[PDB]
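S.K.: There's a structure below that I have some questions on.
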2 protein chains.
Amino acid sequence: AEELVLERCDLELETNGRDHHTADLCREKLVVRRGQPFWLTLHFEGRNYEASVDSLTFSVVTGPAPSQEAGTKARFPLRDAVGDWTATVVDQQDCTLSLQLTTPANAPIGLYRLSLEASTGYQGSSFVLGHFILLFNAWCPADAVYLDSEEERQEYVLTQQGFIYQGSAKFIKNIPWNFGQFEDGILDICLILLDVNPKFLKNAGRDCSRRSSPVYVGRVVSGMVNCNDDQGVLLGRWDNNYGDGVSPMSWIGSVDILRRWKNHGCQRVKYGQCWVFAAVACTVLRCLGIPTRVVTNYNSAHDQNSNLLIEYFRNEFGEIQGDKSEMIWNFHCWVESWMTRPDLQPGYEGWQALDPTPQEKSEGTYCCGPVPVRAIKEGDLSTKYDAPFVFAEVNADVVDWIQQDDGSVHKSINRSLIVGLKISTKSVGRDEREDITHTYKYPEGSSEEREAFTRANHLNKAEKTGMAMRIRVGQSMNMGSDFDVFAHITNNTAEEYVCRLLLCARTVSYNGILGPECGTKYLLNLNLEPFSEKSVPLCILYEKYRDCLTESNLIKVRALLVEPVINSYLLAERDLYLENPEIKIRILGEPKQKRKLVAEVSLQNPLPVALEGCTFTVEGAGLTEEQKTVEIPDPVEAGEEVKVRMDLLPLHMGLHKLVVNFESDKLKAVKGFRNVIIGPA
Amino acid sequence: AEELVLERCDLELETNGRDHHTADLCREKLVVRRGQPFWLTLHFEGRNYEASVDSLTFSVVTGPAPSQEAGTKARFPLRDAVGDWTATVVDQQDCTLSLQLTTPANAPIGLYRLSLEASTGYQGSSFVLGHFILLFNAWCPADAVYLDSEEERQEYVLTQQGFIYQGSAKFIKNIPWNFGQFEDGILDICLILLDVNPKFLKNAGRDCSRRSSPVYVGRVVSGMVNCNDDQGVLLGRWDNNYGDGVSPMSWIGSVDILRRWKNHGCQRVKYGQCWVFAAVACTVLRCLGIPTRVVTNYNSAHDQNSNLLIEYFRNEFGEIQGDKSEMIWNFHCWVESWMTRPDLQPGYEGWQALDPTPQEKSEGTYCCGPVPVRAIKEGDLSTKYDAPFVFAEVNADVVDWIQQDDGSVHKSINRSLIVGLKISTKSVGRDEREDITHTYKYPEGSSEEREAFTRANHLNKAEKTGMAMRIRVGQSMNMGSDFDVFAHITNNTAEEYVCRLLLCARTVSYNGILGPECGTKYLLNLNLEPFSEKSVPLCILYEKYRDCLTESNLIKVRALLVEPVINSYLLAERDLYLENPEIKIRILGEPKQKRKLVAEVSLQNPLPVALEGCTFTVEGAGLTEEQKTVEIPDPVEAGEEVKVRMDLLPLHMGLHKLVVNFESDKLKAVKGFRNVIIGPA
Ligand SMILES: Nc1nc2c(ncn2[C@@H]2O[C@H](COP(=O)(O)OP(=O)(O)O)[C@@H](O)[C@H]2O)c(=O)[nH]1
Ligand SMILES: Nc1nc2c(ncn2[C@@H]2O[C@H](COP(=O)(O)OP(=O)(O)O)[C@@H](O)[C@H]2O)c(=O)[nH]1
Ligand SMILES: [Ca+2]
Ligand SMILES: [Ca+2]
Ligand SMILES: [Ca+2]
Ligand SMILES: [Ca+2]
């Protein structure tokens, strides 16, 4: 009469991980997404259920201080048909009972402890079934992070390899990145990352209860990448002397960054920069289920303190004399996260710009975001989370002053530089770049742009010698060779002029730091004939820039054309990206799941001098569980090619993007990638 | 005593089709590759083998007139260990006997009839086990068509969707093509194609015996595409009036072409052009196992009768007055097949240029090929199969004569046109274009090129006013809008000139046919100031070219600059490709094998006028067994976008390239493609 119910072999079906799009994550722990029912199988050694005999209720607690009011702890009874924490009986057969548990769409994210309390009237018992991790659901309708396009959900959540776009605005290069959010151990690393955040240390219960909202999780996640004081994922150095750590450009996948962080206590890992911060932030948010895409903005006005107007003071040569002034970044990277905003006036649901790179502010040094991109486009700077900084970054106006020899400065015309240019992020389902510049700004000169700027109360700036000049490069220039770049002057006036044109080309880092000039040509008496174009060539030599070039291979050409009669100053500036040698990747053998695959990577040295200490680094999520590195024994000469073969074992079927990086003493951070389609065994 | 051996349920294992890389082809018929052993399972209803009791020999015949000397018929006995037609016993279990049959590497290709003659001493019997198709093996070492790189074998044989590169040399567009060699029924269509060829009609036995060599099969296959008289796959019209048939540019996959051919008796299908001939030839050869890649050559000297020197006579405006003269083709397509050549001096193994497009010759009208590309590069025109024609196509010299008003003609300088330019074919394993121009020609001005030209006994042609002119387009121009193209003159001489510059832009077809001019600007007194560049603009209007534009969207700009003092003629010509509107393709639902998948295709109309009778055609090998076509009910207006949804059921897992074509009255043959990765069920 009324025998105690005893259970054994509780199994949390890994088939529901395919249902929850957490298939890769379901390795020795059950990971599911909120707002969606997940299968649960219970095995007993007696009566299968005996509902008319036994009543049992589930209790789940996630935080260290679980609270029912806070939403971190909830207990629910079992019923045969449907607060939104619901456990229901799908079926009973043999000695096995099959249940379907449902989590609320606003449930907090984190590790959960599942306990069952089965009291059959008299007596009864309580014990823990297991542990599971609840992530944001991009497929669950009414979840804050919901995407209506399945391809969009797949690319912005499930896809582990993508492109980080960098280089120059005129010539954009897609550097491959392996986000690898589902690489082994990363989810626990992200949970540790959240569990050591300042809000949690201050009040763990408040934080764990507040982790339901994607906006809070995004703020914390981006903050944990090299933003706040004490613990962080990365440490930032911009001075181009990364001797004691991994170079910022050397990175090819964020997986090793997180692994380095957790393995060495929780010390900031090596050296990181704006793209690295955005890439690891996107890895964390994608792992946690928040749809996130890394975005690059070219000619970005970073470090200005939310400033719409930047004034540059230049000398007679056009070089900027400011010692306090911060230069326009060649490009800046930040992330965008797809979520709904219930703390703002309705209609701001969508892409939110989270900038994990710390920005200078009067309040202090701290990363901006998340601000709806809609606010930036409409100029609604009153929106809560760091709207003016991002808007100023995209829509800053730059004014170039040239110092006259007599007293005051004179205004020059620079039409070659436009801020917030060629905003780009990887397209959904393709390798092509998607230009999202329209998402942040309206078309220039439109009524809609005018009203949006008026909303920011920023209506300033559009001209007053019928001449123009721009920098032209002709055909492409590869890194490691001397090449010519031309300064093209277009005179469409009856007047014929004698002028002074000053050309200076300087090795420049991606964040605007200018090194010493690698090319200089000054003409004090240049004759511009009427209604004609004149092109003055500047020869840039490999030897002149080799020592002081960045790892971003950026070189800035500046030209200043002065008409003396009317004393008119015309300025043209353009950033060249010296192209690295291509990496030729050959896949050897038939590519199949859990089958040895050989990848042969080779590059042909493009320098006059020999390359020494060459090292190939290869990383892929689904292609190799661990990063593969090969060191080349002997130096590689001027003509010679470096070719090596690395064995990989891919355990995931499907498309994966293998990223390769070659590093040498004279050539650094040359990237390559190859799409690999793994078949079934 | 000595019971008769009776067999039943003979099964030709479809698992060996995965072994033979014929997995897609193994549908209700066994297709295997020569030079490799294929599994065979025999079921009996008595003694499993009783070798000490029964001796049985296999006999296979392929042709209609099988001959042992010819190699079309061969009979071989069964032994337990290894003429190269070998049947051996791998294993015996229960009532089942498992054999492994081996075909010779030089075995002829075609349909084979497998017969077994089992005589157990006294009596015995004979009967047919089944039918199988033997194809070229690119994986079998020592087979003539052998590739050492697995990726190369996969792309040049197994890959069913690729790119046909066309457009202009300066701006190359990759048109997607669905070769679909493994699409249902195509292999039988190709065998019918071979079985109706002239050599077979003349002497079937000789042809079937000669089908062992890939060179013979290639000659016949390329011939059957619109080359020889009577039966052919395609019929060619170049006059741009394809009313009664499918347009040459409308095609997106060669599968429908072959199906149209066989379904309607064997009548030439619709209208075809050089790329169509090459595409169907590549489909046939890839289906038959010969590694083949379609190759495009820009500024190709086709229809010249193997001529290394082409003379053009032009008027005062630079327009070509020749009424007999054939113009330089903007681009020409042909195929390349990988095979060894035993009919030539050793060392010509490799890519063979087969040009299925019929070329004018003194002997008659007939397609060239297969000539080793090595011969073209080395200038060894004595090589057997149409070497001088292809070499002349790539390395022809063009001389432009401008007729003087007084008597004779005067020689002009055209540095804007170089023949055999930007030779390109789809890369192996990627969508990127691979430039194979180096494969046909050595670097200009090198000693190796000089000796190669000397081998062709073609050493002619490199100049004698320090001026130059080229056509510049600035930013891209989309089709359906007016745009400006500039004629850029560079004077680097102390002399200042007054000159006459004549600009004429004419709608041009891809094979050089020039329609009426859509832009004209003539300046009789243009002033070029010293040491300066002058750009003269020509406005090309949509209304001016809409009626007479080709389906290739090609427009040829011609500029003639005449200096009168020294009477120097400078010529610049360039072909623009008006870019079509992009097709935005959205994949809806999770993509899985044998699961309904929705593809939404949409394009935004780029014309001033409305589009009527819009029709979307969608084709994919592995995505749809049959071509899917949707007709848009109402006209699409100037602003509006055309968007439609087509259900597809993909039955093959893996990567497939879905090709889409949109056709309307005002916009024609706009292409798009999307890579689709089909997961398992
Ligand atoms: N500006 C720039 N152009 C590059 C770079 N690398 C290659 N290119 C080539 O430069 C060409 C584009 O130059 P463009 O913007 O048209 O200059 P312009 O036409 O002379 O005014 C392309 O053919 C590119 O392949 C680079 O780092 N910067
Ligand atoms: N020549 C040509 N250029 C095109 C076409 N369509 C787009 N373009 C654009 O033209 C630019 C390249 O022109 P380029 O060869 O550098 O001319 P140039 O620098 O003015 O002498 C690229 O930015 C292309 O995007 C076309 O059909 N023909
Ligand atoms: Ca988007
Ligand atoms: Ca001008
Ligand atoms: Ca090749
Ligand atoms: Ca000049």
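These residue numbers are counts, starting from 1, taken along the chain as shown.
If you're wondering, the header gives X-ray crystallography, 3.5 Å.
In case you wondered, yes, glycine gets a Cβ from its N, Cα and C as well.
Found this in Swiss-Prot, in case it helps:
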ACT_SITE  A:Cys274  active site
ACT_SITE  A:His332  active site
ACT_SITE  A:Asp355  active site
BINDING   A:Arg470, A:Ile471, A:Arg472, A:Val473, A:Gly474, A:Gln475, A:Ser476, A:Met477, A:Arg574, A:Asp575, A:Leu576, A:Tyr577  GTP binding site
MOD_RES   A:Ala1  N-acetylalanine
MOD_RES   A:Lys464  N6-acetyllysine
SITE      A:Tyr510  site 'Important for catalytic activity'
S.K.: So 2 residues are missing between A:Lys464 and A:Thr465 in the deposited model; what's the C-alpha distance in angstrom?
M.R.: 8
S.K.: So of all those recorded positions, A:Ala1, A:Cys274, A:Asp355, A:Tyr510, which one's Cα sits nearest to A:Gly474 (GTP binding site)?
M.R.: A:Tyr510
S.K.: Could you state the whole-number distance in Å separating the C-alpha atoms of A:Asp355 (active site) and A:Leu576 (GTP binding site)?
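M.R.: The Cα atom of A:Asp355 (active site) is 26 Å away from the Cα atom of A:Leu576 (GTP binding site).
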S.K.: Please report the DSSP secondary structure of A:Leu576 (GTP binding site), reduced to three states.
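M.R.: In three-state terms, A:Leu576 (GTP binding site) counts as strand.
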S.K.: Work out the three-state DSSP category of A:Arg472 (GTP binding site).
M.R.: strand
S.K.: Out of A:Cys274, A:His332, A:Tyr510, the recorded positions in the record, which is closest to A:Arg472 (GTP binding site) when you go by Cα distance?
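M.R.: Checking each of A:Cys274, A:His332, A:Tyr510 against A:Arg472 (GTP binding site), the shortest Cα distance is to A:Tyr510.
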S.K.: Check the deposited model and tell me the whole-number distance in Å separating the CA atoms of A:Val82 and A:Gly83, where 2 residues are unmodelled.
M.R.: 10
S.K.: Near A:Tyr510 (site 'Important for catalytic activity'), meaning Cα within 10 Å, which of A:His332, A:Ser476, A:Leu576 (recorded positions)?
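M.R.: Final answer, ordered: A:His332.
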S.K.: Which one, from the recorded positions A:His332, A:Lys464, A:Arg470, has the smallest tally of other C-beta atoms lying within 10 Å of its C-beta?
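M.R.: Minimum Cβ neighbour count within 10 Å, taken over the recorded positions A:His332, A:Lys464, A:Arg470, occurs at A:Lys464.
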S.K.: In the structure shown, which of the recorded positions A:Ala1, A:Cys274, A:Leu576 has the fewest Cβ neighbours within 10 Å?
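M.R.: Taking A:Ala1, A:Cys274, A:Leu576 as the recorded positions, the minimal 10 Å Cβ count falls on A:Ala1.
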S.K.: Using the alpha carbons only, what distance in Å do you get between the residue listed as 'N-acetylalanine' and A:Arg574 (GTP binding site) once rounded?
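M.R.: Counting only the Cα atoms, the answer is 88 Å.
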S.K.: Where ligand 1 binds, which of the recorded positions A:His332, A:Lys464, A:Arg472, A:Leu576 are close by, with Cβ under 6 Å?
M.R.: A:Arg472, A:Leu576
S.K.: So among A:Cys274, A:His332, A:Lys464, all listed as recorded positions, which is physically nearest to A:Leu576 (GTP binding site)? Use the C-alpha atoms.
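M.R.: That would be A:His332, the closest of A:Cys274, A:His332, A:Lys464 to A:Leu576 (GTP binding site).
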S.K.: Near A:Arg574 (GTP binding site), which residues of its chain come within a Cβ-Cβ distance under 8 Å, counting only those 6 or more away in sequence?
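M.R.: Correct list: A:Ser168, A:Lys170, A:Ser416, A:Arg470, A:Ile471, A:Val473, A:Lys556, A:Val557.
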S.K.: With H, G and I counted as helix, E and B as strand and the rest as coil, say where DSSP puts A:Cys274 (active site).
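M.R.: Helix, per DSSP.
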S.K.: Of the recorded positions A:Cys274, A:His332, A:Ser476, which one sits closest to A:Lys464 (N6-acetyllysine) when you measure Cα to Cα?
M.R.: A:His332
